[PDB]
Amino acid sequence: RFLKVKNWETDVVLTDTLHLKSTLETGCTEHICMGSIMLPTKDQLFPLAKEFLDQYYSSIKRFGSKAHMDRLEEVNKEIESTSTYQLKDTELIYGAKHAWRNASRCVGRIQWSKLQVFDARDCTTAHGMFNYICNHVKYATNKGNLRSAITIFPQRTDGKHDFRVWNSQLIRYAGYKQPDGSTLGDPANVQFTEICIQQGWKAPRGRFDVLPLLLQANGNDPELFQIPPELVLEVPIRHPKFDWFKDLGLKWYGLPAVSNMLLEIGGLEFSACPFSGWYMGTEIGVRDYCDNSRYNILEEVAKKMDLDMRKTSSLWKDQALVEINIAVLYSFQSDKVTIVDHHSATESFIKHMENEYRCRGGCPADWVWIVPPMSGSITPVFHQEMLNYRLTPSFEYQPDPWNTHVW
Amino acid sequence: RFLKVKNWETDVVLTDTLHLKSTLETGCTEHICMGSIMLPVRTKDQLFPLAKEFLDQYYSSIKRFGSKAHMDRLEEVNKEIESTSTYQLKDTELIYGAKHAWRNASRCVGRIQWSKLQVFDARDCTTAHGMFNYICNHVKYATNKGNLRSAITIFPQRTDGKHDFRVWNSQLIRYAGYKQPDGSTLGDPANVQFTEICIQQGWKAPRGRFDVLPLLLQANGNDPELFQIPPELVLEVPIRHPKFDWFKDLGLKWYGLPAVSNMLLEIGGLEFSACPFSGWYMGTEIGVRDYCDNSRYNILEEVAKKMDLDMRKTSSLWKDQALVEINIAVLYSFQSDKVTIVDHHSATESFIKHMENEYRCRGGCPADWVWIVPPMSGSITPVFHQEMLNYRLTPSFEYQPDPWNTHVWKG
Ligand code: HEM
Ligand code: HEM
Ligand SMILES: Cc1cc(N)nc(CCc2cccc(CCc3cc(C)nc(N)c3)n2)c1
Ligand SMILES: Cc1cc(N)nc(CCc2cccc(CCc3cc(C)nc(N)c3)n2)c1
Ligand SMILES: C[C@H](O)[C@H](O)[C@H]1CNc2nc(N)[nH]c(=O)c2N1
Ligand SMILES: C[C@H](O)[C@H](O)[C@H]1CNc2nc(N)[nH]c(=O)c2N1
Ligand SMILES: [Zn+2]
């Protein structure tokens with residue numbers, strides 16, 4: 001019932017009580033741990049509503065008050081009458097902020113409470129969606145001084161009228177499968193890019209083509225929009241010592257903005273809720289650049305450093321990896337685009353865990369995702385036991401829309 | 001019930017049926033995953049099912065399930081349990097059991113080698129001098145002048161829990177740590193406690209940075225006894241770097257032979273509380289963890305100083321740079337001295353092949369991602385992108401409490 005987590009570097013022991021509130025399931029059993037798997041009615045709705053409003057009214061220290069009881073009856077009467085309900089602005093902001101607070105895979109949560117929430121529940125068309133998104137992009141980018149934000153389109157109704165952003169990120173690069181046999185640009189986005197072309201996009205067929213938005217409103221067929229180029233801040237990648245690095249033609253965008261997830265607050269489902277923060281360096285340098293199935297540039301870089309690639313044991317991949325990552329961080333810092341390195345981000349998360357344990361009785365965390373994909377054991381999160389459990393409000397995956405949507 | 005695991009780099013999808021033969025629990029529930037928790041006297045009643053289950057596995061593997069030899073062995077074990085309250089394994093059952101414990105070790109990336117294991121049966125051992133001799137022979141055979149060979153030595157099983165055989169050392173070869181009055185540590189901070197015990201038991205500590213610890217050996221539940229491994233048997237590698245000539249002047253070396261001596265081997269319900277085993281190192285065990293943990297030799301600062309990295313801002317990745325050069329040095333040193341070692345690229349690639357073969361032939365390969373992914377350069381190794389399923393098969397290696405916490409001192 002009370003659970004302990006030890007840090008094996010500092011011997012610090014923390015007691016988790018928060019997990020008893022856990023309200024969704026993990027995919028694990030006593031017979032099998034699924035910790036490393038990527039993806040494991042009016043009656044239903046009121047408990048969910050109650051559960052959330054109880055926590056909300058607890059947070060403003062008004063639990064069991066008149067205002068609390070009144071709201072609970074209001075929502076009860078709204079559900080029984082309308083089969084759903086609407087969140088007050090204060091509730092909405094709280095729910096979004098907590099969805100991030102509870103994201104067990106997010107290392108950047110020390111920032112959870114500084115989230116700008118843009119209420120787009122009045123949106124009705126894809127064109128409106130595009131306006132709301134451009135404003136989000138520009139507000140968050142902030143000339144390089146990045147600011148966390150989320151924009152929240154209308155909640156699901158009968159699920160025949162969903163709002164969806166088809167892009168997986170607001171800003172991503174196209175991928176085209178070539179007669180050659182290889183892949184030009186980002187191999188992660190072939191299927192979506194093809195979908196764009198099929199809906200009508202004029203693809204330029206470059207390596208770093210910013211994808212168009214594909215926006216679905218009120219269950220309708222989605223439409224294409226190009227984000228004003230002047231709103232998409234990009235960074236050319238150079239190395240502080242290797243002059244030749246720039247000759248790779250590498251760039252990345254400043255704004256990371258996940259657009260394909262579902263926000264669940266008090267039982268209500270917000271299927272279009274793009275949110276953005278700022279990058280940890282390894283996300284681009286290790287994953288985007290080096291993943292065999294991504295831009296996969298290790299071989300090229302190594303050659304330019306003139307390393308012995310005859311034998312795995314010269315650690316040439318590791319040598320090139322560090323340099324690629326040094327360059328990402330240098331390039332962003334020099335251009336004054338907010339970025340954080342894995343040492344600093346994981347140290348911050350450790351301070352955040354301790355705060356959550358002391359002020360909330362715990363912090364759900366998924367070690368598999370929290371430990372950076374390079375230099376794991378020299379960051380403090382490596383040695384930190386973590387308990388992973390599912391709290392609501394939350395962000396959830398949802399099927400890619402082209403699998404669901406009927407045209 | 002079938003379970004799928006996907007590789008996100010290759011899209012290879014595998015199907016596990018083997019998790020169905022799982023007995024022991026995980027620590028996880030439907031409501032909480034404990035997959036990153038480090039550490040998540042049997043009756044007759046409990047013993048016979050465990051025996052039967054083991055002997056069923058064994059007779060299947062030799063293609064003799066349900067033979068007369070199979071039924072007779074069951075009945076013979078049956079009686080031995082009913083009459084003596086325990087039982088003895090045949091040599092072949094022990095070999096098989098020790099190999100399977102390794103095969104089943106979900107946190108071990110080196111399992112492609114599981115069927116090549118030299119088993120030394122030390123169940124006739126009765127004294128701590130006896131154990132010492134057994135362990136010297138294991139050390140010599142395993143070392144093999146640098147061409148390392150996997151081996152395990154198996155001392156008599158637990159009886160009433162009052163007569164346990166234990167090796168108090170966590171590894172057969174490890175360096176002393178000495179906490180100084182000024183609060184700093186000389187040698188390996190990981191071994192301070194055990195070092196103190198050794199000194200308390202009467203070891204004369206040389207007090208250097210790399211002193212091989214004496215063996216501390218308990219036989220038959222008796223108080224343990226100190227023995228120095230003959231230095232001629234302790235293969236060491238001095239650490240130097242291929243391009244950086246100042247690296248040797250750091251004064252570093254390490255031992256060639258990784259040999260865990262504090263785990264418990266469980267076979268068919270029987271508990272073997274002293275069962276030291278050894279293989280060979282993956283380079284990152286020394287260069288990432290032994291040298292670079294803040295709680296260990298903690299050499300990252302000194303190395304980066306000497307490389308003249310920019311150390312004012314963590315964002316130079318000075319730590320990451322030093323870490324790679326240290327690990328380059330470790331592998332270069334071992335290879336140059338012809339001591340067996342494997343890098344983390346080669347080991348993880350080998351593990352992925354092992355894992356697919358295991359799915360094809362055994363219907364599964366239980367695997368702990370937290371432990372299998374190397375502690376540097378995780379995502380440019382093929383395990384990072386491999387979904388794994390973690391579950392517990394017997395035979396197995398388990399932890400046990402350190403014996404200085406449980407031992408009843410005789411005097
Ligand atoms: C502000 C700085 C932020 C940093 C440094 C950061 C960092 C990260 C990183 C490194 C990951 C793992 C990424 C991967 O390997 O794909 C991640 C995942 C995640 N982040 Fe954060 N993030 C930030 C902002 C935000 C915000 C504003 C939100 C939501 C409002 C958010 C929600 C999430 C969620 C739900 C995941 C896991 C998603 C999944 O399971 O696929 N992050 N974050
Ligand atoms: C042949 C060369 C071997 C290699 C390269 C290898 C590699 C490794 C590594 C890197 C670890 C994780 C160690 C740590 O991070 O502390 C490990 C764990 C483990 N190894 Fe292997 N190993 C080898 C041989 C063996 C042998 C011979 C056995 C026993 C017969 C064995 C049984 C285990 C077990 C039970 C664990 C997990 C221990 C735990 O749960 O803490 N290994 N191995
Ligand atoms: C806000 C934010 C801040 C930050 N620094 N980085 C990101 C991008 C990393 C990220 C954050 C949250 C969710 C996802 C999607 C991960 C994913 C999902 C699926 C379905 N398949 C994958 N292979 C990967 N990616 C977003
Ligand atoms: C045969 C073998 C081959 C190889 N390449 N490496 C080793 C040494 C690594 C190892 C293998 C098995 C068990 C342990 C003990 C790990 C441990 C456990 C706890 C509870 N705390 C720790 N700090 C460390 N370490 C052994
Ligand atoms: C807290 C965490 O589970 C712990 O530090 C583990 C993580 N993964 C590991 N992996 C290996 N191979 N060895 C270890 O000691 C650890 N330590
Ligand atoms: C199989 C494994 O679960 C998968 O590779 C995960 C591992 N850890 C990760 N960690 C982060 N931060 N992001 C990822 O996409 C992944 N992929
Ligand atoms: Zn689990």
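Each ligand, and each atom within it, is numbered from 1 in the order the structure gives. Residue numbering restarts at 1 for every chain, and letters A, B, ... go by the order of the sequence lines. Basis for what follows: all heavy atoms, side chains included, without hydrogens, waters or symmetry-related copies.
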Practice task
Please say whether the positively charged group of B:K6, taken as NZ for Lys or CZ for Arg, lies over the ring of B:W8, i.e. under 6.0 angstrom from the six-membered ring centre and within 45 degrees of the axis.
Solution key: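 Yes, a cation-pi geometry holds between B:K6 and B:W8.
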
Handout entry: Geometric cation-pi criterion B:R149 and B:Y141, 6.0 Å radius, 45° cone
Key =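 Geometry flag: set, cation within 6.0 Å and 45°.
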
Do [X] and [Y] sit within salt-bridge range, that is, some charged N less than 4.0 Å from a carboxylate O?
| X | Y | answer |
| --- | --- | --- |
| B:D188 | B:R296 | yes |
| B:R123 | B:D91 | yes |
| A:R390 | A:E396 | yes |
| B:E387 | B:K4 | no |

Could you find the nearest protein heavy atom to [atom] and give me its residue, atom name and distance?
| atom | answer |
| --- | --- |
| atom 8 (N) of ligand 6 | A:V368 O, 3.1 Å |
| atom 6 (C) of ligand 6 | A:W369 NE1, 4.0 Å |
| atom 9 (C) of ligand 6 | B:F384 CZ, 3.6 Å |
| atom 7 (C) of ligand 2 | B:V109 CG1, 3.9 Å |
| atom 43 (N) of ligand 2 | B:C108 SG, 3.5 Å |

Problem - Proximity to ligand 2 by part of B:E285, non-hydrogen separation under 4.0 Å - result: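 Side chain only.
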
On the 0 to 90° scale, with breaks at 30° and 60°, tag the [X]-[Y] ring pair as parallel, tilted or perpendicular.
| X | Y | result |
| --- | --- | --- |
| B:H100 | B:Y96 | parallel |
| B:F120 | B:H138 | tilted |
| B:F277 | B:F397 | tilted |

Exercise for the section: Might you work through the side-chain contact (heavy atoms from CB on, under 4.5 Å) test for B:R107 and B:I372, ending with a clear yes or no? Expected result: CA-CA 6 Å; B:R107 297 179 159 174; B:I372 302 291; 5.6 Å; no

Practice task
Look at ligand 2 and say whether B:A98 reaches it with a heavy atom at a distance under 4.0 Å.
Solution key: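 Heavy atoms of B:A98 never come under 4.0 Å of ligand 2.
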
Problem - 4.0 Å heavy-atom contact, B:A347 with ligand 2 - result: no

Select the closest option to [atom] among [options], judged by heavy-atom distance.
| atom | options | value |
| --- | --- | --- |
| atom 35 (C) of ligand 2 | A:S377, B:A105, B:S346 | B:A105 |
| atom 40 (O) of ligand 2 | B:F277, B:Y399, B:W102, B:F351 | B:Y399 |
| atom 2 (C) of ligand 2 | B:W371, B:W114, B:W280 | B:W280 |

Which of the numbered atoms in ligand 6 are under 4.0 angstrom from any heavy atom belonging to [X]?
| X | answer |
| --- | --- |
| B:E387 | 1 (C) |
| B:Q386 | 1 (C) |
| A:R287 | 13 (N), 14 (C), 15 (O), 16 (C) |
| A:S36 | 1 (C), 2 (C), 3 (O) |

Practice task
Return yes or no for this condition: an N or O of A:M38 is under 3.5 Å from an N or O of ligand 6.
Solution key: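 Not met; the criterion fails.
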
Exercise for the section: Please calculate the SG(B:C33)-the Zn ion (ligand 7)-SG(B:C28) angle and round it to 10 degrees. Expected result: 110°

Can you list the atoms of ligand 2 that are under 4.0 Å from a heavy atom of [X]?
| X | value |
| --- | --- |
| B:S150 | 1 (C) |
| B:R107 | 18 (C), 37 (C), 39 (C), 40 (O) |
| B:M282 | 10 (C) |

Problem - Flag for B:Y175-B:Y297: side-chain donor and acceptor within less than 3.5 Å - result: no

Practice task
Evaluate side-chain contact (heavy atoms from CB on, under 4.5 Å) for B:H354 paired with B:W114, printing each intermediate quantity in order.
Solution key: CA-CA 10 Å; B:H354 173 63; B:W114 74 271; 3.6 Å; yes

